[PDB]
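Q: This is final.txt (compact mmCIF, N, CA and C atoms and all ligand atoms).
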```
# COMPACT_ATOMS: atom_id res chain seq x y z
N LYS A 6 26.91 -44.55 91.19
CA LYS A 6 25.56 -43.95 91.16
C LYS A 6 24.57 -45.10 91.09
N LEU A 7 23.37 -44.92 91.61
CA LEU A 7 22.38 -46.01 91.55
C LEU A 7 21.92 -46.21 90.13
N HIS A 8 21.39 -47.37 89.83
CA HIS A 8 20.93 -47.63 88.46
C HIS A 8 19.68 -48.48 88.44
N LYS A 9 18.89 -48.29 87.39
CA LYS A 9 17.60 -48.93 87.29
C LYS A 9 17.76 -50.18 86.44
N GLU A 10 17.12 -51.26 86.82
CA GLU A 10 17.15 -52.49 86.08
C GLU A 10 15.74 -52.89 85.68
N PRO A 11 15.63 -53.65 84.59
CA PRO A 11 14.35 -54.18 84.14
C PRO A 11 13.72 -55.13 85.07
N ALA A 12 12.40 -55.09 85.16
CA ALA A 12 11.66 -56.16 85.82
C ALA A 12 10.23 -56.21 85.37
N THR A 13 9.56 -57.30 85.67
CA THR A 13 8.16 -57.41 85.34
C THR A 13 7.34 -57.65 86.60
N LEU A 14 6.23 -56.95 86.74
CA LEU A 14 5.45 -57.07 87.95
C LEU A 14 4.56 -58.30 87.84
N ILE A 15 4.79 -59.30 88.68
CA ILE A 15 3.98 -60.53 88.71
C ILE A 15 2.77 -60.38 89.64
N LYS A 16 2.96 -59.86 90.84
CA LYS A 16 1.88 -59.82 91.82
C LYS A 16 2.12 -58.64 92.75
N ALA A 17 1.08 -57.87 93.01
CA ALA A 17 1.13 -56.93 94.14
C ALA A 17 0.76 -57.66 95.40
N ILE A 18 1.67 -57.79 96.35
CA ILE A 18 1.37 -58.54 97.53
C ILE A 18 0.56 -57.67 98.49
N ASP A 19 1.04 -56.46 98.71
CA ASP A 19 0.35 -55.50 99.57
C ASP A 19 0.87 -54.14 99.19
N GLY A 20 0.56 -53.12 100.01
CA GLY A 20 0.91 -51.79 99.58
C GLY A 20 2.40 -51.51 99.36
N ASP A 21 3.28 -52.27 100.02
CA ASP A 21 4.71 -52.03 99.92
C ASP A 21 5.54 -53.24 99.58
N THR A 22 4.88 -54.29 99.11
CA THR A 22 5.58 -55.53 98.77
C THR A 22 5.06 -55.97 97.40
N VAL A 23 5.97 -56.35 96.53
CA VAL A 23 5.63 -56.78 95.18
C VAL A 23 6.50 -57.97 94.77
N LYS A 24 5.88 -58.90 94.04
CA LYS A 24 6.61 -59.97 93.38
C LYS A 24 6.94 -59.62 91.95
N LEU A 25 8.25 -59.62 91.65
CA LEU A 25 8.76 -59.25 90.34
C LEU A 25 9.48 -60.41 89.70
N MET A 26 9.47 -60.41 88.39
CA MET A 26 10.35 -61.30 87.59
C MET A 26 11.62 -60.49 87.39
N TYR A 27 12.65 -60.91 88.06
CA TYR A 27 13.90 -60.13 88.07
C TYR A 27 15.00 -61.09 87.57
N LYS A 28 15.65 -60.70 86.47
CA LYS A 28 16.72 -61.54 85.88
C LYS A 28 16.14 -62.93 85.55
N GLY A 29 14.86 -62.94 85.15
CA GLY A 29 14.18 -64.22 84.81
C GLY A 29 13.75 -65.11 85.92
N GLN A 30 13.74 -64.67 87.18
CA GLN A 30 13.29 -65.46 88.32
C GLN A 30 12.40 -64.62 89.18
N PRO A 31 11.41 -65.24 89.79
CA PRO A 31 10.52 -64.48 90.69
C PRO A 31 11.23 -64.09 91.98
N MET A 32 11.05 -62.84 92.41
CA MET A 32 11.71 -62.40 93.63
C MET A 32 10.72 -61.44 94.29
N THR A 33 10.55 -61.61 95.58
CA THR A 33 9.74 -60.65 96.32
C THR A 33 10.57 -59.45 96.78
N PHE A 34 10.05 -58.27 96.48
CA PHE A 34 10.72 -56.99 96.80
C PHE A 34 9.89 -56.24 97.83
N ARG A 35 10.55 -55.80 98.89
CA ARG A 35 9.96 -54.84 99.86
C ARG A 35 10.48 -53.46 99.48
N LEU A 36 9.55 -52.52 99.38
CA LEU A 36 9.99 -51.14 99.00
C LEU A 36 10.76 -50.50 100.17
N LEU A 37 11.90 -49.90 99.81
CA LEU A 37 12.69 -49.13 100.74
C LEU A 37 11.93 -47.92 101.26
N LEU A 38 12.20 -47.63 102.53
CA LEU A 38 11.94 -46.36 103.22
C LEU A 38 10.48 -46.05 103.47
N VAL A 39 9.59 -47.05 103.31
CA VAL A 39 8.18 -46.85 103.48
C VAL A 39 7.51 -47.88 104.29
N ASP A 40 6.36 -47.53 104.85
CA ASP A 40 5.52 -48.57 105.51
C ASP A 40 4.07 -48.29 105.22
N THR A 41 3.42 -49.17 104.47
CA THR A 41 2.00 -49.06 104.21
C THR A 41 1.23 -49.81 105.29
N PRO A 42 -0.03 -49.44 105.47
CA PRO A 42 -0.86 -50.21 106.40
C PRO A 42 -1.02 -51.64 105.92
N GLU A 43 -1.25 -52.55 106.84
CA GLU A 43 -1.64 -53.88 106.44
C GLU A 43 -2.99 -53.90 105.77
N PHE A 50 -3.22 -54.94 104.99
CA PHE A 50 -4.40 -54.96 104.16
C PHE A 50 -5.70 -54.83 104.97
N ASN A 51 -5.66 -55.24 106.23
CA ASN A 51 -6.86 -55.18 107.06
C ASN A 51 -6.96 -53.92 107.91
N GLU A 52 -5.98 -53.02 107.78
CA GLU A 52 -5.99 -51.76 108.49
C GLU A 52 -6.48 -50.65 107.57
N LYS A 53 -6.94 -49.54 108.16
CA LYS A 53 -7.44 -48.44 107.36
C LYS A 53 -6.33 -48.00 106.37
N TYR A 54 -6.74 -47.83 105.12
CA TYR A 54 -5.88 -47.39 104.00
C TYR A 54 -5.03 -48.53 103.43
N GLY A 55 -5.09 -49.70 104.05
CA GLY A 55 -4.46 -50.90 103.54
C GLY A 55 -4.95 -51.31 102.17
N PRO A 56 -6.28 -51.42 102.02
CA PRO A 56 -6.82 -51.75 100.72
C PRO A 56 -6.43 -50.78 99.64
N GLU A 57 -6.46 -49.49 99.98
CA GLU A 57 -6.11 -48.44 99.07
C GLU A 57 -4.65 -48.51 98.65
N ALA A 58 -3.77 -48.87 99.60
CA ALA A 58 -2.37 -48.91 99.31
C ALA A 58 -2.10 -50.12 98.40
N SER A 59 -2.72 -51.25 98.74
CA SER A 59 -2.62 -52.46 97.91
C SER A 59 -3.14 -52.17 96.51
N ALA A 60 -4.30 -51.49 96.46
CA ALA A 60 -4.89 -51.10 95.20
C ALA A 60 -4.00 -50.21 94.33
N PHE A 61 -3.17 -49.37 94.96
CA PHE A 61 -2.26 -48.52 94.23
C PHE A 61 -1.21 -49.36 93.53
N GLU A 62 -0.67 -50.34 94.22
CA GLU A 62 0.28 -51.26 93.61
C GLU A 62 -0.41 -52.06 92.51
N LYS A 63 -1.61 -52.55 92.78
CA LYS A 63 -2.33 -53.32 91.76
C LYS A 63 -2.56 -52.45 90.53
N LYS A 64 -2.93 -51.19 90.72
CA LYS A 64 -3.09 -50.28 89.57
C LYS A 64 -1.81 -50.12 88.76
N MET A 65 -0.67 -50.05 89.42
CA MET A 65 0.64 -50.03 88.74
C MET A 65 0.83 -51.26 87.88
N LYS A 66 0.68 -52.42 88.50
CA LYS A 66 0.84 -53.64 87.74
C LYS A 66 0.02 -53.55 86.48
N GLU A 67 -1.23 -53.15 86.63
CA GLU A 67 -2.17 -53.18 85.53
C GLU A 67 -1.85 -52.19 84.43
N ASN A 68 -1.38 -51.01 84.80
CA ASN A 68 -1.26 -49.88 83.89
C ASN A 68 0.14 -49.46 83.53
N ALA A 69 1.14 -49.90 84.28
CA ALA A 69 2.53 -49.48 84.02
C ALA A 69 3.05 -50.29 82.87
N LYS A 70 3.58 -49.64 81.85
CA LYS A 70 4.20 -50.43 80.77
C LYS A 70 5.61 -50.86 81.16
N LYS A 71 6.28 -50.08 81.99
CA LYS A 71 7.64 -50.39 82.35
C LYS A 71 7.85 -50.30 83.86
N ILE A 72 8.28 -51.41 84.44
CA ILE A 72 8.66 -51.48 85.82
C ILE A 72 10.19 -51.57 85.86
N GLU A 73 10.81 -50.78 86.75
CA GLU A 73 12.27 -50.84 86.99
C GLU A 73 12.58 -50.96 88.53
N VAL A 74 13.60 -51.73 88.83
CA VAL A 74 14.10 -51.95 90.19
C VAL A 74 15.38 -51.14 90.33
N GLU A 75 15.49 -50.39 91.41
CA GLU A 75 16.75 -49.69 91.75
C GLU A 75 17.17 -50.04 93.16
N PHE A 76 18.21 -50.86 93.29
CA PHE A 76 18.78 -51.13 94.58
C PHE A 76 19.45 -49.84 95.06
N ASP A 77 19.49 -49.67 96.37
CA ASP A 77 20.28 -48.59 96.98
C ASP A 77 21.73 -49.05 97.16
N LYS A 78 22.49 -48.26 97.89
CA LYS A 78 23.93 -48.48 98.00
C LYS A 78 24.31 -49.51 99.04
N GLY A 79 23.36 -50.01 99.82
CA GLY A 79 23.67 -50.91 100.93
C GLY A 79 23.09 -52.30 100.76
N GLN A 80 22.53 -52.82 101.84
CA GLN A 80 21.99 -54.19 101.87
C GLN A 80 20.92 -54.33 100.81
N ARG A 81 20.97 -55.45 100.09
CA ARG A 81 20.01 -55.67 99.02
C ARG A 81 18.86 -56.62 99.34
N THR A 82 19.02 -57.40 100.40
CA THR A 82 18.02 -58.41 100.78
C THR A 82 17.78 -58.25 102.27
N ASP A 83 16.53 -58.27 102.72
CA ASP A 83 16.22 -58.27 104.13
C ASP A 83 16.29 -59.68 104.77
N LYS A 84 16.06 -59.71 106.07
CA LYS A 84 16.16 -60.97 106.84
C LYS A 84 15.14 -62.02 106.48
N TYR A 85 14.13 -61.65 105.69
CA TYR A 85 13.13 -62.56 105.17
C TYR A 85 13.40 -62.99 103.75
N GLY A 86 14.50 -62.55 103.16
CA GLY A 86 14.80 -62.89 101.79
C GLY A 86 14.18 -62.00 100.73
N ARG A 87 13.64 -60.86 101.14
CA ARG A 87 13.04 -59.93 100.23
C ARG A 87 14.06 -58.95 99.74
N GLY A 88 14.06 -58.69 98.44
CA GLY A 88 14.88 -57.64 97.89
C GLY A 88 14.45 -56.32 98.46
N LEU A 89 15.39 -55.41 98.64
CA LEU A 89 15.09 -54.07 99.16
C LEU A 89 15.44 -53.06 98.11
N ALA A 90 14.43 -52.38 97.59
CA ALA A 90 14.66 -51.52 96.42
C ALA A 90 13.69 -50.36 96.30
N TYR A 91 14.05 -49.41 95.43
CA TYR A 91 13.13 -48.43 94.95
C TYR A 91 12.54 -49.01 93.66
N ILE A 92 11.24 -48.89 93.51
CA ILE A 92 10.53 -49.41 92.35
C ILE A 92 9.98 -48.27 91.56
N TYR A 93 10.12 -48.35 90.22
CA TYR A 93 9.69 -47.24 89.36
C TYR A 93 8.69 -47.80 88.35
N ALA A 94 7.63 -47.03 88.13
CA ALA A 94 6.62 -47.36 87.14
C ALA A 94 6.52 -46.24 86.12
N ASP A 95 6.94 -46.53 84.86
CA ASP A 95 6.98 -45.50 83.82
C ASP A 95 7.74 -44.25 84.32
N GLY A 96 8.87 -44.51 85.00
CA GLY A 96 9.73 -43.45 85.48
C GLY A 96 9.34 -42.80 86.79
N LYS A 97 8.16 -43.13 87.31
CA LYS A 97 7.70 -42.56 88.56
C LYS A 97 8.01 -43.47 89.72
N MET A 98 8.65 -42.96 90.76
CA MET A 98 9.03 -43.85 91.88
C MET A 98 7.81 -44.17 92.71
N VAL A 99 7.49 -45.45 92.82
CA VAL A 99 6.35 -45.93 93.54
C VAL A 99 6.47 -45.62 95.02
N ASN A 100 7.69 -45.73 95.53
CA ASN A 100 7.90 -45.47 96.97
C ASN A 100 7.47 -44.02 97.28
N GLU A 101 7.92 -43.11 96.44
CA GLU A 101 7.62 -41.68 96.61
C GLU A 101 6.16 -41.41 96.42
N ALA A 102 5.53 -42.06 95.43
CA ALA A 102 4.13 -41.83 95.17
C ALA A 102 3.22 -42.27 96.32
N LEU A 103 3.53 -43.41 96.93
CA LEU A 103 2.78 -43.88 98.06
C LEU A 103 2.84 -42.83 99.14
N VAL A 104 4.05 -42.34 99.43
CA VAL A 104 4.21 -41.40 100.54
C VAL A 104 3.48 -40.07 100.21
N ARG A 105 3.61 -39.60 98.99
CA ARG A 105 2.99 -38.36 98.56
C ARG A 105 1.49 -38.41 98.69
N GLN A 106 0.90 -39.58 98.48
CA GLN A 106 -0.55 -39.75 98.58
C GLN A 106 -1.03 -40.08 100.00
N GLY A 107 -0.13 -40.08 100.98
CA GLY A 107 -0.52 -40.43 102.32
C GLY A 107 -0.94 -41.88 102.49
N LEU A 108 -0.46 -42.77 101.63
CA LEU A 108 -0.76 -44.22 101.75
C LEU A 108 0.39 -44.99 102.40
N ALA A 109 1.49 -44.29 102.68
CA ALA A 109 2.60 -44.85 103.40
C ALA A 109 3.24 -43.78 104.24
N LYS A 110 3.81 -44.19 105.38
CA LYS A 110 4.70 -43.34 106.15
C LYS A 110 6.14 -43.61 105.75
N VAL A 111 7.00 -42.59 105.85
CA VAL A 111 8.42 -42.82 105.80
C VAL A 111 8.79 -43.68 107.00
N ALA A 112 9.56 -44.76 106.81
CA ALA A 112 9.83 -45.67 107.89
C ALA A 112 10.98 -46.57 107.52
N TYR A 113 11.55 -47.27 108.53
CA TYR A 113 12.63 -48.20 108.30
C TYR A 113 13.80 -47.53 107.61
N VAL A 114 14.11 -46.30 108.04
CA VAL A 114 15.20 -45.57 107.41
C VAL A 114 16.52 -45.97 108.02
N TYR A 115 17.19 -46.91 107.38
CA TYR A 115 18.57 -47.28 107.76
C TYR A 115 19.57 -46.48 106.93
N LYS A 116 20.67 -46.04 107.56
CA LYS A 116 21.65 -45.18 106.93
C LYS A 116 22.33 -45.77 105.68
N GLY A 117 22.48 -47.08 105.68
CA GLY A 117 23.13 -47.71 104.56
C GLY A 117 22.34 -47.67 103.28
N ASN A 118 21.01 -47.59 103.41
CA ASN A 118 20.09 -47.49 102.25
C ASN A 118 19.19 -46.27 102.43
N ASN A 119 19.75 -45.08 102.31
CA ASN A 119 18.99 -43.84 102.59
C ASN A 119 19.05 -42.82 101.49
N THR A 120 19.37 -43.26 100.28
CA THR A 120 19.58 -42.31 99.18
C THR A 120 18.38 -41.40 98.95
N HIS A 121 17.17 -41.96 98.98
CA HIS A 121 16.00 -41.14 98.70
C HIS A 121 15.24 -40.66 99.92
N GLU A 122 15.89 -40.64 101.08
CA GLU A 122 15.23 -40.26 102.31
C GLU A 122 14.68 -38.87 102.27
N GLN A 123 15.46 -37.89 101.83
CA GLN A 123 14.95 -36.53 101.96
C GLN A 123 13.83 -36.28 100.92
N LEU A 124 13.96 -36.90 99.76
CA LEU A 124 12.90 -36.85 98.75
C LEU A 124 11.59 -37.36 99.32
N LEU A 125 11.62 -38.51 99.98
CA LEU A 125 10.39 -39.00 100.59
C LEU A 125 9.85 -38.22 101.77
N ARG A 126 10.75 -37.69 102.59
CA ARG A 126 10.34 -36.90 103.71
C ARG A 126 9.67 -35.64 103.16
N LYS A 127 10.16 -35.11 102.05
CA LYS A 127 9.49 -33.98 101.40
C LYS A 127 8.06 -34.32 100.98
N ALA A 128 7.87 -35.50 100.41
CA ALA A 128 6.55 -35.97 100.00
C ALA A 128 5.65 -36.19 101.17
N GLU A 129 6.23 -36.66 102.28
CA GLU A 129 5.44 -36.92 103.47
C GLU A 129 4.90 -35.62 104.03
N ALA A 130 5.76 -34.63 104.07
CA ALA A 130 5.36 -33.33 104.62
C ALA A 130 4.24 -32.74 103.83
N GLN A 131 4.25 -32.91 102.51
CA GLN A 131 3.11 -32.42 101.68
C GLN A 131 1.84 -33.19 101.94
N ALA A 132 1.95 -34.51 102.03
CA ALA A 132 0.79 -35.36 102.30
C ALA A 132 0.18 -35.03 103.65
N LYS A 133 1.04 -34.73 104.65
CA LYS A 133 0.60 -34.36 105.97
C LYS A 133 -0.10 -32.99 105.97
N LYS A 134 0.46 -32.05 105.24
CA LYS A 134 -0.13 -30.68 105.19
C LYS A 134 -1.52 -30.74 104.53
N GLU A 135 -1.68 -31.65 103.59
CA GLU A 135 -2.94 -31.85 102.90
C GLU A 135 -3.92 -32.74 103.64
N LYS A 136 -3.51 -33.32 104.77
CA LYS A 136 -4.32 -34.26 105.51
C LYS A 136 -4.87 -35.39 104.63
N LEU A 137 -3.98 -36.03 103.87
CA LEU A 137 -4.40 -37.10 102.96
C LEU A 137 -4.32 -38.41 103.63
N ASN A 138 -5.37 -39.20 103.45
CA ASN A 138 -5.36 -40.57 103.81
C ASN A 138 -4.88 -40.81 105.19
N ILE A 139 -3.72 -41.45 105.38
CA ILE A 139 -3.23 -41.70 106.74
C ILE A 139 -3.19 -40.46 107.62
N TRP A 140 -2.86 -39.34 107.03
CA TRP A 140 -2.71 -38.04 107.72
C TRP A 140 -4.07 -37.32 107.93
N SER A 141 -5.12 -37.85 107.34
CA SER A 141 -6.48 -37.28 107.60
C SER A 141 -7.01 -37.71 108.97
N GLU A 142 -6.33 -38.68 109.58
CA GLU A 142 -6.79 -39.27 110.80
C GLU A 142 -6.13 -38.45 111.89
N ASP A 143 -6.87 -38.20 112.93
CA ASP A 143 -6.34 -37.46 114.04
C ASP A 143 -5.48 -38.45 114.85
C1 LIG A 201 11.82 -51.62 104.53
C2 LIG A 201 12.62 -52.63 105.32
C3 LIG A 201 11.99 -53.54 106.18
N1 LIG A 201 12.77 -54.44 106.85
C4 LIG A 201 12.19 -55.42 107.80
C5 LIG A 201 12.05 -54.83 109.18
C6 LIG A 201 10.77 -55.46 109.73
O1 LIG A 201 11.25 -56.69 110.24
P1 LIG A 201 10.73 -57.04 111.64
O2 LIG A 201 9.37 -56.73 111.74
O3 LIG A 201 11.21 -58.46 111.92
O4 LIG A 201 11.61 -56.13 112.52
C7 LIG A 201 10.00 -55.83 108.48
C8 LIG A 201 8.76 -55.04 108.16
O5 LIG A 201 8.11 -55.56 106.96
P2 LIG A 201 6.59 -55.33 106.60
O6 LIG A 201 6.37 -53.86 106.83
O7 LIG A 201 6.49 -55.71 105.23
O8 LIG A 201 5.76 -56.27 107.57
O9 LIG A 201 10.90 -55.69 107.37
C9 LIG A 201 14.17 -54.41 106.74
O10 LIG A 201 14.87 -55.24 107.41
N2 LIG A 201 14.78 -53.49 105.98
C10 LIG A 201 14.06 -52.57 105.32
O11 LIG A 201 14.71 -51.74 104.63
CA CA A 202 3.76 -52.66 105.92
```
Let me see whether you can do it: turn the structure in this file into structure tokens.

A:
Amino acid sequence: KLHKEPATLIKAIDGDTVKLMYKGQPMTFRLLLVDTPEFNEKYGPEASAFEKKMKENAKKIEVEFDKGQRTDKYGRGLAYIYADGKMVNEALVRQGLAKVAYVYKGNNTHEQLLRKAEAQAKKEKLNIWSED
């Protein structure tokens, strides 16, 4: 079963990338199963701001690797990130600040959960989904 590990949020890089202190060393993590806009694209600032708000307000950050590859081709950890028990990946999607994306079968544990959040965000026309 997947498991959550301790970490500390050092820097929000952008809406879906964070620098964490993991096992006492800095490591950049890309969130699984999501794609936020770049900082210079519409909703980019907002998505970055959501991560920054987590850093600022979350008392507890946890990293959950999925069942497959743990590091991408750029050396970034690939994980689900939780803030005070709330999955950041899911929250971004639920708020329409990320699309479900990069769904590889080896790391797909939370796919249907996120697709559920996406469908709600789309029905509500939030953020990314408010755009025609
Ligand atoms: C989420 C995720 C992204 N990536 C890679 C694919 C994209 O690489 P390429 O673009 O070279 O194909 C890149 C997107 O990252 P960003 O969305 O952070 O720019 O991250 C993975 O390899 N595995 C993943 O699970
Ligand atoms: Ca992105």

Q: For ligand LIG 201 (chain A), list the contacting residues at 5 Å or closer, counting only N, CA and C atoms and all ligand atoms, as a list in words.

A: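 Final answer, ordered by chain and number: residues 36, 37, 38, 83 and 84 of chain A.
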
Q: Could you please take those selected residues and save N, CA and C atoms as a compact mmCIF listing (two decimals), in the frame of the given file?

A:
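Everything below was put into again-v9.txt:
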```txt
# COMPACT_ATOMS: atom_id res chain seq x y z
N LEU A 36 9.55 -52.52 99.38
CA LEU A 36 9.99 -51.14 99.00
C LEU A 36 10.76 -50.50 100.17
N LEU A 37 11.90 -49.90 99.81
CA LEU A 37 12.69 -49.13 100.74
C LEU A 37 11.93 -47.92 101.26
N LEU A 38 12.20 -47.63 102.53
CA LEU A 38 11.94 -46.36 103.22
C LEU A 38 10.48 -46.05 103.47
N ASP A 83 16.53 -58.27 102.72
CA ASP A 83 16.22 -58.27 104.13
C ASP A 83 16.29 -59.68 104.77
N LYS A 84 16.06 -59.71 106.07
CA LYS A 84 16.16 -60.97 106.84
C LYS A 84 15.14 -62.02 106.48
```

Q: Which of these, A:109, A:32, A:26, A:58, has the shortest distance to residue 86 (chain A) once you count all atoms listed in the file?

A: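 Comparing A:109, A:32, A:26, A:58 against residue 86 (chain A), the winner is A:32.
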
Q: May I ask for the distance between CA of residue 68 (chain A) and atom C of residue 92 (chain A), given in Å to one decimal place?

A: 13.7 Å

Q: For residue 94 (chain A), which residue out of A:73, A:62, A:142, A:129 is the nearest one, using only N, CA and C atoms?

A: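 Answer, going by the shortest atom-to-atom distance: A:73.
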
Q: Just checking: using only N, CA and C atoms, which residue out of A:123, A:39, A:34, A:69 ends up closest to residue 111 (chain A)?

A: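 Answer, going by the shortest atom-to-atom distance: A:39.
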
Q: Identify, counting only C-alpha atoms and all ligand atoms, the protein, DNA and RNA residues located within 12 Å of ligand CA 202 (chain A), and give them as a ChimeraX atom specification.

A: /A:18-23,35-43,50-52,54-56,58-59,103,108-113

Q: How would the residues just chosen look if you wrote them out with N, CA and C atoms as a JSON list (two decimals), keeping the file's coordinate frame?

A:
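Produced file out33.json, reproduced below:
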```json
[["chain", "number", "residue", "atom", "x", "y", "z"],
["A", 18, "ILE", "N", 1.67, -57.79, 96.35],
["A", 18, "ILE", "CA", 1.37, -58.54, 97.53],
["A", 18, "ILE", "C", 0.56, -57.67, 98.49],
["A", 19, "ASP", "N", 1.04, -56.46, 98.71],
["A", 19, "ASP", "CA", 0.35, -55.50, 99.57],
["A", 19, "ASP", "C", 0.87, -54.14, 99.19],
["A", 20, "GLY", "N", 0.56, -53.12, 100.01],
["A", 20, "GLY", "CA", 0.91, -51.79, 99.58],
["A", 20, "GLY", "C", 2.40, -51.51, 99.36],
["A", 21, "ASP", "N", 3.28, -52.27, 100.02],
["A", 21, "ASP", "CA", 4.71, -52.03, 99.92],
["A", 21, "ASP", "C", 5.54, -53.24, 99.58],
["A", 22, "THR", "N", 4.88, -54.29, 99.11],
["A", 22, "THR", "CA", 5.58, -55.53, 98.77],
["A", 22, "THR", "C", 5.06, -55.97, 97.40],
["A", 23, "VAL", "N", 5.97, -56.35, 96.53],
["A", 23, "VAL", "CA", 5.63, -56.78, 95.18],
["A", 23, "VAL", "C", 6.50, -57.97, 94.77],
["A", 35, "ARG", "N", 10.55, -55.80, 98.89],
["A", 35, "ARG", "CA", 9.96, -54.84, 99.86],
["A", 35, "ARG", "C", 10.48, -53.46, 99.48],
["A", 36, "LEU", "N", 9.55, -52.52, 99.38],
["A", 36, "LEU", "CA", 9.99, -51.14, 99.00],
["A", 36, "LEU", "C", 10.76, -50.50, 100.17],
["A", 37, "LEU", "N", 11.90, -49.90, 99.81],
["A", 37, "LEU", "CA", 12.69, -49.13, 100.74],
["A", 37, "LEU", "C", 11.93, -47.92, 101.26],
["A", 38, "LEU", "N", 12.20, -47.63, 102.53],
["A", 38, "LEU", "CA", 11.94, -46.36, 103.22],
["A", 38, "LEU", "C", 10.48, -46.05, 103.47],
["A", 39, "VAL", "N", 9.59, -47.05, 103.31],
["A", 39, "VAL", "CA", 8.18, -46.85, 103.48],
["A", 39, "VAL", "C", 7.51, -47.88, 104.29],
["A", 40, "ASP", "N", 6.36, -47.53, 104.85],
["A", 40, "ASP", "CA", 5.52, -48.57, 105.51],
["A", 40, "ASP", "C", 4.07, -48.29, 105.22],
["A", 41, "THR", "N", 3.42, -49.17, 104.47],
["A", 41, "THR", "CA", 2.00, -49.06, 104.21],
["A", 41, "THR", "C", 1.23, -49.81, 105.29],
["A", 42, "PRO", "N", -0.03, -49.44, 105.47],
["A", 42, "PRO", "CA", -0.86, -50.21, 106.40],
["A", 42, "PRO", "C", -1.02, -51.64, 105.92],
["A", 43, "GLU", "N", -1.25, -52.55, 106.84],
["A", 43, "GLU", "CA", -1.64, -53.88, 106.44],
["A", 43, "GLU", "C", -2.99, -53.90, 105.77],
["A", 50, "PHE", "N", -3.22, -54.94, 104.99],
["A", 50, "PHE", "CA", -4.40, -54.96, 104.16],
["A", 50, "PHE", "C", -5.70, -54.83, 104.97],
["A", 51, "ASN", "N", -5.66, -55.24, 106.23],
["A", 51, "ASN", "CA", -6.86, -55.18, 107.06],
["A", 51, "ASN", "C", -6.96, -53.92, 107.91],
["A", 52, "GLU", "N", -5.98, -53.02, 107.78],
["A", 52, "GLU", "CA", -5.99, -51.76, 108.49],
["A", 52, "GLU", "C", -6.48, -50.65, 107.57],
["A", 54, "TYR", "N", -6.74, -47.83, 105.12],
["A", 54, "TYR", "CA", -5.88, -47.39, 104.00],
["A", 54, "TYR", "C", -5.03, -48.53, 103.43],
["A", 55, "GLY", "N", -5.09, -49.70, 104.05],
["A", 55, "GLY", "CA", -4.46, -50.90, 103.54],
["A", 55, "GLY", "C", -4.95, -51.31, 102.17],
["A", 56, "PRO", "N", -6.28, -51.42, 102.02],
["A", 56, "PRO", "CA", -6.82, -51.75, 100.72],
["A", 56, "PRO", "C", -6.43, -50.78, 99.64],
["A", 58, "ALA", "N", -3.77, -48.87, 99.60],
["A", 58, "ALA", "CA", -2.37, -48.91, 99.31],
["A", 58, "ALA", "C", -2.10, -50.12, 98.40],
["A", 59, "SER", "N", -2.72, -51.25, 98.74],
["A", 59, "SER", "CA", -2.62, -52.46, 97.91],
["A", 59, "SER", "C", -3.14, -52.17, 96.51],
["A", 103, "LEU", "N", 3.53, -43.41, 96.93],
["A", 103, "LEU", "CA", 2.78, -43.88, 98.06],
["A", 103, "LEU", "C", 2.84, -42.83, 99.14],
["A", 108, "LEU", "N", -0.46, -42.77, 101.63],
["A", 108, "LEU", "CA", -0.76, -44.22, 101.75],
["A", 108, "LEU", "C", 0.39, -44.99, 102.40],
["A", 109, "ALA", "N", 1.49, -44.29, 102.68],
["A", 109, "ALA", "CA", 2.60, -44.85, 103.40],
["A", 109, "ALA", "C", 3.24, -43.78, 104.24],
["A", 110, "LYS", "N", 3.81, -44.19, 105.38],
["A", 110, "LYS", "CA", 4.70, -43.34, 106.15],
["A", 110, "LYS", "C", 6.14, -43.61, 105.75],
["A", 111, "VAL", "N", 7.00, -42.59, 105.85],
["A", 111, "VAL", "CA", 8.42, -42.82, 105.80],
["A", 111, "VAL", "C", 8.79, -43.68, 107.00],
["A", 112, "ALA", "N", 9.56, -44.76, 106.81],
["A", 112, "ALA", "CA", 9.83, -45.67, 107.89],
["A", 112, "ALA", "C", 10.98, -46.57, 107.52],
["A", 113, "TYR", "N", 11.55, -47.27, 108.53],
["A", 113, "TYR", "CA", 12.63, -48.20, 108.30],
["A", 113, "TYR", "C", 13.80, -47.53, 107.61]]
```

Q: Find the spatial neighbours of residue 121 (chain A), counting only C-alpha atoms, within a cut-off of 12 Å - ignore same-chain residues fewer than 2 positions away - and output them as a PyMOL selection string.

A: chain A and resi 7+36-39+75-78+90-92+98-101+104+111-112+114-119+123-128

Q: Expressed in Å to a single decimal, how great is the separation between CA of residue 106 (chain A) and atom N of residue 25 (chain A)?

A: 22.8 Å

Q: Taking all listed atoms of region 117-133 of chain A, build the axis-aligned box, pad each of the six sides by 3 Å, then write its centre and edge lengths in Å to one decimal as lines of an AutoDock Vina configuration file.

A:
```
center_x = 11.5
center_y = -40.1
center_z = 102.3
size_x = 29.2
size_y = 21.3
size_z = 13.3
```

Q: Hey, which of A:15, A:89, A:102, A:130 ends up closest to residue 66 (chain A)? Count all atoms listed in the file.

A: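 Answer, going by the shortest atom-to-atom distance: A:15.
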
Q: In Å to one decimal, how far is atom C of residue 87 (chain A) from CA of residue 9 (chain A)?

A: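 If I compute the distance from CA of residue 9 (chain A) to atom C of residue 87 (chain A), I get 16.4 Å.
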
Q: Go through region 31-130 of chain A and collect every residue that DSSP, computed from the backbone, puts in alpha helix (DSSP H); the answer should be as a PyMOL selection string.

A: chain A and resi 55-68+99-105+122-130
